[PDB]
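Residue numbers (the entry's author numbering), protein chains in the order written: chain B, 247 to 305; chain A, 247 to 305. For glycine and all other residues, C-beta sits at the position ideal for the given N, C-alpha and C. Working notes, structure below.
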DNA sequence: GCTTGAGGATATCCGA
DNA sequence: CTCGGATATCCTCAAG
């Protein structure tokens with residue numbers, strides 16, 4: 247099994263990230279708890295969030 | 247097997263990527279091929295280059 | 001049909 | 001068990 251990130255899951259994810267105060271303050275366990283998605287592990291979120299954090303470079 | 251990216255090995259990589267017009271134009275075959283380090287695959291090099299091309303790491 | 005390489009997405013590993 | 005980071009594997013789509 248290899249998951250992939252439909253756009254609706256991505257939006258749910260980014261809503262969770264935003265509720266936790268941004269990509270930098272959010273952590274996987276939080277994002278997962280908020281998303282409430284079946285068949286989804288902390289590792290799915292961990293990897294996806296690492297990708298998300300590397301779209302913006304802050305000084 | 248798991249590689250481990252030394253800092254001066256990373257230098258050689260940067261050196262090479264710069265010989266090839268930077269992170270965007272540079273290619274894994276090309277830069278592996280320019281680095282001439284032994285015990286170094288194309289696969290090591292593409293994973294590293296993917297990390298370097300991101301908006302976070304390219305400066 | 002092989003055998004490659006490319007970019008991007010996703011998973012697995014390391015050390016704290 | 002969690003986190004952040006580093007590194008490898010997978011997929012799709014090419015080329016030769």
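Point to revise | Contact under 8 Å by Cβ, residue 295 of chain B with residue 274 of chain B | key: Yes. Within cutoff.
**Study point:** Member of A:263, A:253, A:279, A:249 whose CA lies at the smallest distance from the CA of residue 299 of chain A
**Key:** Of the listed residues, the one whose Cα sits closest to residue 299 of chain A is A:263.
Exercise for review: Could you confirm whether any beta carbon from chain A is found closer than 8 Å to the beta carbon of residue 248 of chain B?
Suggested key: So, not an interface residue.
Practice item. Mind checking which residues open and close the alpha helix (DSSP H) that includes residue 254 of chain A? Key: Its alpha helix (DSSP H) spans residues 253 to 265.
Check your understanding: At a Cβ threshold of 8 Å, is residue 301 of chain B touching chain A?
Key -> It does: the Cβ of residue 301 of chain B has a partner Cβ on chain A nearer than 8 Å.
**Study point:** Chain-ordered chain B contacts of residue 305 of chain A [CB-CB under 8 Å]
**Key:** 303, listed in chain order.
Exercise for review: For my contact list, residue 281 of chain A and residue 258 of chain A are in at a C-beta cut-off of 8 Å; report their separation, rounded to the angstrom.
Suggested key: Taking 8 Å as the upper bound for CB-CB distance, residue 281 of chain A and residue 258 of chain A are in contact here, some 5 Å apart.
Review point. Whose CA, out of B:286, B:271, B:272, B:270, lies closest to the CA of residue 252 of chain B?
Key: Check the Cα spacing between residue 252 of chain B and each of B:286, B:271, B:272, B:270: the tightest is with B:286.
**Study point:** Cβ shell of residue 292 of chain B (< 6 Å), same chain only, five flanking positions each side left out
**Key:** Sequence-distant partners of residue 292 of chain B (beyond 5 residues in either direction) whose C-beta falls short of 6 Å from its own C-beta, in its chain, are 274.
Review point. Since residue 270 of chain A is in the alpha helix (DSSP H), which residue starts that stretch and which ends it?
Key: It spans 268 to 271 - the alpha helix (DSSP H) in which residue 270 of chain A sits, taken as one unbroken run.
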